[PDB]
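Results of the structural survey
Listed here are the chains, written in short residue letters.
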Amino acid sequence: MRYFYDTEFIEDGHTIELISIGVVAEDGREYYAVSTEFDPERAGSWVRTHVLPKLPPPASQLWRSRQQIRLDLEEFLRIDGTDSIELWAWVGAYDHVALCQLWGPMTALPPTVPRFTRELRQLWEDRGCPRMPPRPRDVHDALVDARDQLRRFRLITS
Amino acid sequence: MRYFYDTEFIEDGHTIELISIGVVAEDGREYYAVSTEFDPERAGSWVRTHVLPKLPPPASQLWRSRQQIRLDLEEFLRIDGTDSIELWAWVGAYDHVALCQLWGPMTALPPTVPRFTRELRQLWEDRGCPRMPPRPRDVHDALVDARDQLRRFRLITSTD
Ligand SMILES: [Mg+2]
Ligand SMILES: [Mg+2]
Ligand SMILES: [Mg+2]
Ligand SMILES: [Mg+2]
């Protein structure tokens, strides 16, 4: 059923170049990967400070090609399975396009991947903005971010 | 306060090339523009069939540059006014990027335009999936589409 996700990326008003993605399933499974295809030279100051230093070391198997990350996710999301998939992100318009561009144009998205991501901030506001935990130390690590989204969703829906 | 919008675009897995944008405010104001800047040749079968035919004639004043559309939206969304700006779209991830890319990077979006677009499909499901009127015949005209979203929003929230 439900997956909470986050991405880091380099975006220049034209393209969204994916750095990393973290996805946590409501059932407890977690996926994290760092693309070996983004060019770190194209990173702006803010990404260079806040995103790049938090990445795994280069010898880590967490570093995957774009094709591997897409295949990992088709497996992780159970694209062939019983369940309806619901994707959730916090202020995730760009995150949604970064995710979907792992398959290509929106035309190429597998049939069972939803064409919209539910917006966790919208849910939170619709429930009167209940108090959240303070943001983690390691924000801008996408897996840390994704785990925190699930934590919030659980708090919001209790 | 709330604006409902829709965009049409040529998207290829790499970029989103804006064809048109329609925005409708809750107070009745409407904005619609078609960009002079996208390359119609690039469009696939679907956009050639369902989008390009609905666009205004070449001599329409609705055809504007991307710079003009940004300037027009800064004025239409009342970016220096005191109301909080709330944007809504239906299944709006790519729409939101197509809108915000009129200012270039994310970084450059005026501080007063929100960094996310509320998802009307998410609201619908939430308030119990109420039966909605049928989509208009003339959908894929961004302004007709945006009007219809405002309509559905009013219906969905009418007993909130
Ligand atoms: Mg994020
Ligand atoms: Mg690859
Ligand atoms: Mg993040
Ligand atoms: Mg649309």
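Residues numbered from 1 in each chain as written, not as in the entry; some residues may be left out. Chains lettered and ligands numbered in written order. Heavy atoms only, no water.

- For this deposited structure, the header cites X-ray crystallography as the method used and 2.00 Å as the resolution.

A few points about the coordination of the magnesium ion (ligand 3)
Residues and elements named next belong to chain A.
- The coordination sphere of the magnesium ion (ligand 3) contains the protein donors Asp-6 (OD), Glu-8 (OE) and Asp-145 (OD), at a distance range of 1.8 to 2.1 Å.
- Linear spacing of the donor residues for the magnesium ion (ligand 3) on their chain is D-x1-E-x136-D.
- Here the magnesium ion (ligand 3) and the magnesium ion (ligand 1) are spaced 4.0 Å apart, with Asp-6 acting as a shared donor. Here the residue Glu-8 occupies a position in strand β1 (residues 2-11), and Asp-145 occupies one in helix α5 (residues 142-156), the gap between them amounting to 137 residues. (Donors = N, O, S within 2.8 Å, 3.2 Å for Na, K, Ca; no water. Helix = DSSP H or I, 4+ residues; strand = E, 2+ residues; numbered from the N terminus.)

Considering the sheet that holds strand β1 (residues 2-11) of chain B
Residues and elements named next belong to chain B.
- Pairing within the open sheet is mixed, and its 6 strands lie in the order β4-β3-β2-β1-β5-β6. What marks the edges here is a single partner per strand, and that holds for β4 (63-64) and β6 (118-119).
- Alignment of strand β5 (residues 86-89) against β6, held across 2 bridges, turns out to be parallel. Directly across from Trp-88, in β6, lies its bridge partner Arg-118.
- Strands β1, β2 (16-25), β3 (30-35) and β4 of the sheet are contacted by helix α2 (residues 66-76), whose axis makes an angle of about 170° with β3.
- Helix-sheet contacts for helix α3 (residues 93-100) involve β1, β2 and β5, and the interaxial angle to β1 is about 90°. (Pairing = 2+ DSSP bridges. Contact = heavy atoms within 4.5 Å. Axes fitted to C-alpha atoms, helices over the stretch in contact; angles between N-to-C directions.)

Thoughts on empty space enclosed by the protein
- On inspection of all chains with the given rule, the structure shows 2 cavities of 30 Å³ or more.
- Taken as a whole, the largest cavity spans an internal volume of roughly 130 Å³.
- As for the largest cavity, its lining consists of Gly-92, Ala-93, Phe-116, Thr-117 and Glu-119 of chain A together with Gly-92, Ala-93, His-96, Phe-116, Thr-117, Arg-118 and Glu-119 of chain B.
- Counting residues per element, the ones that place at least two in the lining of the largest cavity are α3 and β6 of chain B.
- Tallied by class, the residues present in the lining of the largest cavity amount to 4 nonpolar, 5 polar and 3 charged.
- Taken as a whole, the second largest cavity spans an internal volume of roughly 50 Å³.
- Looking at the second largest cavity, the residues that line it are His-14, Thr-15, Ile-16, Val-97 and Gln-101 of chain A together with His-14, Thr-15, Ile-16, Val-97 and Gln-101 of chain B.
- Its residues assigned to classes, the lining of the second largest cavity shows 4 nonpolar, 6 polar and no charged. (1 Å grid on protein atoms, 1.4 Å probe; cavity = no way out; pocket = protein on both sides within 12 Å on 5 of 7 lines; lining within 4 Å. Points joined across faces, edges and corners; volume = space filled by probe spheres on them. Nonpolar A, V, L, I, M, F, W, Y, C, P; charged D, E, K, R; others polar.)

So, the pairing of strand β5 (residues 86-89) of chain A
Residues and elements named next belong to chain A.
- Two strands pair when backbone bridges link them, and β1 and β5 are joined in this way by 3 bridges, in the parallel orientation. Residue pairing for β5: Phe-4 is matched across the bridge by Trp-88.
- With 2 bridges joining them, β5 and strand β6 (residues 118-119) adopt parallel strand pairing. Note that in β6 the partner of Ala-89 across the bridge is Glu-119.
- Read as a crossover between parallel neighbours, the route from β5 over helix α3 (residues 93-100) to β6 is right-handed. (Right-handed = clockwise from strand over helix to strand, strands pointing away.)

Side note on the UniProt feature "domain: 3'-5' exoribonuclease Rv2179c-like" (unreviewed entry) in chain B
- Under the UniProt annotation, "domain: 3'-5' exoribonuclease Rv2179c-like" (unreviewed entry) lies at residues 2-154 of chain B.
- Spanning residues 2-154 of chain B, this segment combines 29% helix with 22% strand, and its end C-alpha atoms are found 11 Å apart. (UniProt positions renumbered as here; feature names shortened; annotations may be inferred.)

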